[PDB]
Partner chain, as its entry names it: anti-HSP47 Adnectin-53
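So this first bit is one chain, no partners, the form deposited without its partner chain, shown in structure tokens.
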């Protein structure tokens, strides 16, 4: 559970994440989305830490933290970052690294290096893009080591090679409160579009889950608690195989509350795609839209508290995440509700794009927002030699 200052920041980060999600969903190039509100927030907090004047004020403004003091903002976000581990088993089902890359010519201020590592646990490194292959190799190897291989490649190309490159590498694996059986796994087809279908491995389970079927808006919503009901995962999926654009319009902080209230603990037969979903986002373009125009502009940016000198702007903000869907979770006692309690269950068969949200139960803060559109897999051909 959170302090009042951190709780208010948590709510604003949740706003930024939905605002970014909607902004990214509109981009037709974006397929999967995976945002971690508190890690997005800490990127803005890092700008207010190593910035001066309108560059740092815009960072506090995007955080709606103009009333809070500078040290208060850095401690509140710092409390938020430590609270992510609180309902996630640190270093085994949740790994996170944050590193700032500056050109070889630049040297970071020891005052900034101390306070960024203190609150944001930020790492600092220099990188020269003359050898572009060795610059990408240094970033990708760092993110791979941070996630112990789950996120092998953050990016295949760096566009802006003359500023600060903030990189956030993550690995999160939701640990179910009632585990799926390790053998209730088979191969199915996931329909990306009505025409394109990829071969995926799926995990299946039937249990009691809070569920709502919106027959009017043609969608299903299920909540799947995680280990010790300390956090819970919600999934919103349309009835037909359709683009999530329609469903995304309905996705609001208020509509979610409505849907949540309409749920009831029914027997549901859930089938989810099993595997790792690797997603990298360069939030630079989208952060400018939310009100961070100075830091991202080479000429307006003042990042003197960071390098003791100007000629340094926020070139990129990579938000790379490896989200693993696996069967593992806490065990459940057999003859808890009896096999006659799951007699005729509702069908939540996730074989087409869906939206999902992880939420902290002790603090109420949003842990993740995202959507699975194209899971990892090769297009399976139109066989249809029925079973």
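Here, rigid core means the biggest group of C-alpha atoms that superpose within 1.5 Å across both forms. Numbering follows the first chain given and starts at 1.
Of the other entries compared for this protein that flank it with modelled residues, all give atoms for residue 362, so not even a third lack it. For the cut-off of one third of the other compared entries, residue 246 stays well clear, since all of them model it along with its flanks. Higher mean CA temperature factor between 5 to 13 and 361 to 369: 5 to 13, per the PDB entry. For the pair 158 to 166 and 265 to 273, the mean Cα B-factor is higher in 158 to 166. Looking only at 182, 239, 205, 305, the residue with the top Cα B factor in the deposited structure is 305.
When the C-alpha B factors of 142, 209, 94, 313 are read from the deposited coordinates, the top value falls at 313. Compared with the other modelled residues of the chain, the Cα B-factor recorded for residue 172 ranks in the lowest third. Residue-level temperature factors show residue 58 in the highest third of its chain, judged at the C-alpha atom. When the modelled residues of the chain are ordered by C-alpha B-factor, residue 150 sits in the lowest third. Residue 31: CA B factor lies in the middle third for its chain, per the PDB record. Ranked by C-alpha B-factor against the other modelled residues of its chain, residue 232 falls in the lowest third.
A second form of this protein, the form deposited with its partner chain bound, is not displayed here; the remarks below concern that form.
Distance criterion of 4.5 Å from any heavy atom to its partner chain in the deposited complex singles out 186 from the list 245, 186, 110, 157. Residue 181 is the only one of 114, 130, 181, 229 with a heavy atom lying within 4.5 Å of its partner chain in the deposited complex.
Here the chain stands alone, but in the deposited complex its contact with its partner chain, taken as any heavy atom within 4.5 Å, falls in 186 to 194 among 309 to 317, 143 to 151, 276 to 284, 186 to 194. In the deposited complex, its partner chain lies within 4.5 Å of some heavy atom of residue 269. Taking the partner from the other structure, its partner chain in the deposited complex has a heavy atom within 4.5 Å of a heavy atom of residue 334. When contacts are judged by a 4.5 Å heavy atom cut-off, residue 26 does not count as touching its partner chain in the deposited complex.
Contact annotation for residue 74: none of its heavy atoms lies within 4.5 Å of its partner chain in the deposited complex. Comparing the forms between this form and the one not shown on their rigid core, the Cα displacement of residue 339 reaches 2 Å or more.
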